[PDB]
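A quick write-up on the structure given underneath.
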Amino acid sequence: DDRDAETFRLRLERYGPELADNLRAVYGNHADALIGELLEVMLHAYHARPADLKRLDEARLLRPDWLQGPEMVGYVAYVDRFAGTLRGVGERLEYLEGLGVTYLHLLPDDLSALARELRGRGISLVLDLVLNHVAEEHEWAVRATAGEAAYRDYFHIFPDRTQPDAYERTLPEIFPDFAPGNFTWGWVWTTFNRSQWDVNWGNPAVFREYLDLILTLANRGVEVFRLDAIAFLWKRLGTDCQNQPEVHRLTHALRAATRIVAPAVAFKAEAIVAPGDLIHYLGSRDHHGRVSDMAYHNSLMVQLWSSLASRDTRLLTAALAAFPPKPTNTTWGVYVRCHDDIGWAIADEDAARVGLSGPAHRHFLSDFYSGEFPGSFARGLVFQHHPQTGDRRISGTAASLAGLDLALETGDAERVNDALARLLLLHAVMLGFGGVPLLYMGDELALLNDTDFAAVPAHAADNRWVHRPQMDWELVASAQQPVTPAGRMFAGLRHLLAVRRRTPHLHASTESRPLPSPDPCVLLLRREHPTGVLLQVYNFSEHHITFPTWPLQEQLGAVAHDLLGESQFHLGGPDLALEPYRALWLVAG
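Going left to right, the sequence shown walks through residues 16 to 123, 152 to 228, 234 to 528, 535 to 643 as the UniProt record's numbering numbers them.
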């Protein structure tokens with residue numbers, strides 16, 4: 016067609032110069048020869064792209080903020096732990112749609156079909172894609188061990204280790220006087241496992257290969273790519289070989305190319321680093337909003353559990369205030385739990401600003417969520433003990449960490465009520481923060497720890513399987535005036551989701567900003583959306599607070615309307631009561 020060729024030409028006149036500039040920046044004179052190749056790869060991908068996905072492309076060019084609407088609800092789940100295979104996932108879609116899920120992150152023909160059904164139900168397929176490394180059994184590695192100098196340059200090989208221990212000087216090692224480093228026998237760069245060979249992004253061929261991979265995967269129906277291990281993909285002598293600027297230039301290139309071939313897809317950078325480093329993944333300088341679309345808001349999560357544990361929200365507001373503003377076209381992925389463990393990412397400066405320490409607060413969080421603290425409701429486990437810092441990762445479901453696990457074995461209805469209120473609180477903060485909320489599978493049923501995880505020998509070692517349970521669809525069907539804990543959690547969350555979908559204020563474009571509070575137990579989050587100021591109030595304690603109305607008064611006026619409880623109260627009277635773990639979404643009433 017002439018229309019398709021013209022469309023492609025227009026997109027290339029748009030995003031082309033971005034793409035060319037970044038490639039010439041990191042490949043120099045090798046850029047031209049690569050550009051000509053990528054042109055062919057893009058053209059092949061573009062003309063092979065199904066018509067319905069082209070319609071999706073056009074649609075997403077009409078709505079570039081599709082990830083930002085308050086209607087977006089995420090759902091992260093292992094494929095086998097959810098429905099065995101992809102076909103079963105296809106068989107369990109009325110449930111997801113019943114929740115309101117539009118963003119389905121599936122953790123690692153059939154896939155194409157599943158994507159088709161998903162789009163049919165208005166759900167975006169989200170897949171992991173590792174950008175840093177491939178297995179040793181992968182084609183490139185096998186071809187490399189065959190002696191082909193072409194496929195050996197896809198990696199980092201070395202004759203004598205005069206170069207390995209040259210990098211190892213600036214490379215962070217888990218232990219000093221030892222050597223569980225980042226190399227494997234020539235000498236092959238292996239930052240993670242012994243069988244995970246790192247790819248050489250200094251070679252244009254691997255860029256081309258990865259772009260082709262992204263595009264064909266996009267043509268299968270994948271709408272959002274979680275770029276796994278994106279921080280390590282560039283390596284430079286004399287550095288930690290992490291978070292290098294070349295990473296963001298390469299990401300910008302990939303992104304532009306994809307914005308030409310497939311406008312409908314988006315990137316979600318998987319990078320669990322400090323905020324100062326993380327903000328670059330949403331693009332700084334010339335990369336501003338021109339790289340990955342999403343990034344994880346890990347800080348909000350660790351601060352959620354932190355504040356829930358300490359009943360004090362000073363550190364949370366502190367850490368949020370020192371958090372850099374994102375480009376308005378990018379969207380945080382927000383969450384309460386996930387497949388991974390919990391690393392207490394707390395800045396010593398953040399703690400210092402609120403008159404705390406840091407290492408002792410990390411010690412606090414670990415002691416609490418492992419169950420060693422007097423008056424702790426947490427029923428979590430210890431995943432790993434950090435070698436010299438002494439930090440501890442914590443495994444456990446949202447429900448067990450929030451106190452329901454302990455509540456049930458000790459049939460105290462008060463403890464149960466409190467636990468459910470805590471969980472609904474956390475989920476309420478997430479759903480009203482701004483960004484696609486990533487419901488971890490099972491949390492809507494308040495799933496408890498799967499302590500029989502050791503029954504599977506493969507899961508026996510890694511105790512993170514205590515919070516990676518198999519989906520019991522009978523439990524699901526039953527939980528679906536609730537009396538069952540799972541039913542009550544399901545109901546509460548359904549309500550929260552409805553209220554979110556309504557509220558236009560929660561558009562991800564506008565960021566939640568922390569407001570100072572008279573009461574440490576109360577968290578105030580201001581969202582200044584064009585339609586009105588949305589003031590969120592949260593009681594992070596089990597106390598019945600008598601809160602002053604003035605902080606609300608000078609924000610919303612004399613009358614306030616609660617979106618969550620459909621209530622409407624006056625802000626003149628000096629005080630109002632906050633019941634344990636109450637959550638308010640206030641607007642001008």
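Each residue gets a CB set at the ideal place from its N, CA and C atoms; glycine is no exception.
Cβ-Cβ distances below 6 Å link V270 to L168, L170 in the same chain, with the five nearest sequence neighbours on each side left out; the list follows chain order.
If only uninterrupted beta strand (DSSP E) runs of at least 3 residues are considered, those enclosed by the stretch 593–639 are 599–602, 613–616, 622–624, 629–632. Of all C-beta pairs linking the stretch 278–289 to the stretch 174–190, three or more are shorter than 8 Å, placing the two stretches in contact. Between the alpha carbons of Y90 and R162 lies a gap of roughly 15 Å. Counting C-beta pairs with one atom in each stretch, the stretch 192–208 and the stretch 304–322 have fewer than three that are closer than 8 Å, which means they do not touch. Within the model, the alpha-carbon separation for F481 versus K316 is close to 18 Å.
Closest option to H59, judged by alpha-carbon separation, among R512, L111, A310, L550: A310.
When C-beta atoms of the stretch 180–197 are compared with those of the stretch 285–302, fewer than three pairs fall below 8 Å, so the two segments do not count as touching.
Taking all protein chains in view, the Cβ of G43 is surrounded by fewer than 16 other Cβ atoms within 10 Å, so the residue is classified as exposed. With distances taken between CA atoms, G113 lies nearest to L547 out of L547, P570, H559, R580.
The stretch 536–556 makes contact with the stretch 471–491, as at least three CB pairs between them are under 8 Å. Of the residues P123, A48, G115, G626, the one whose Cα lies closest to the Cα of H549 is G115. Rounded to whole angstroms, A637 and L54 show a C-alpha spacing of 52 Å. With respect to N346, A393 sits close: the two C-beta atoms are nearer than 8 Å. By the CB criterion at 8 Å, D389 and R512 fall inside the cutoff.
When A343, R212, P536 are compared, the shortest CA-CA separation from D288 is found for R212. Contact between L101 and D67 is absent: CB atoms are separated by about 19 Å, not below the 8 Å threshold. Beta-bridge analysis with DSSP links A343 to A317, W380. Under the three-state reduction of DSSP, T458 is assigned to coil, being neither helix nor strand.
Under the DSSP definition of a beta bridge, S167 partners with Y118. Residue range 182–188 is occupied by the alpha helix (DSSP H) that includes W183, with no beta strand (DSSP E) assigned at that position. Remark: C-beta atoms of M489 and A92 approach each other more closely than 8 Å.
Counting along the chain, the unbroken beta strand (DSSP E) around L429 starts and ends at 429–433. In the DSSP assignment, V247 forms a beta bridge with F198.
Taking 8 Å as the cut-off, the beta carbon of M87 is found no closer than this to the beta carbon of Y110. Taking the Cα positions, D629 is about 11 Å away from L606. Contact check for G331 against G337 passes: the beta carbons are separated by less than 8 Å.
Residue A366 holds the alpha-carbon nearest to the alpha-carbon of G403 among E318, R29, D510, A366.
In the structure shown, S443 falls within a strand segment according to DSSP collapsed to helix, strand and coil. Taking C-beta separations shorter than 8 Å and ignoring five residues to either side along the sequence, the partners of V94 in its chain run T100, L101, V104, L121, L122, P123, following chain order. For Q518 and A322, the gap between their C-alpha atoms comes out near 33 Å.
Distances from the CA of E620 to each of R556, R580, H561 were compared; the closest alpha carbon is that of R556. Looking from the CA of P215, the closest CA among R516, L285, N248 belongs to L285. Cα atoms of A20 and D360: separation of roughly 59 Å, rounded to the nearest angstrom. Between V339 and the set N497, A631, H300, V430, the nearest pair of CA atoms involves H300.
Counting along the chain, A545 sits inside the alpha helix (DSSP H) bounded by residues 539–556.
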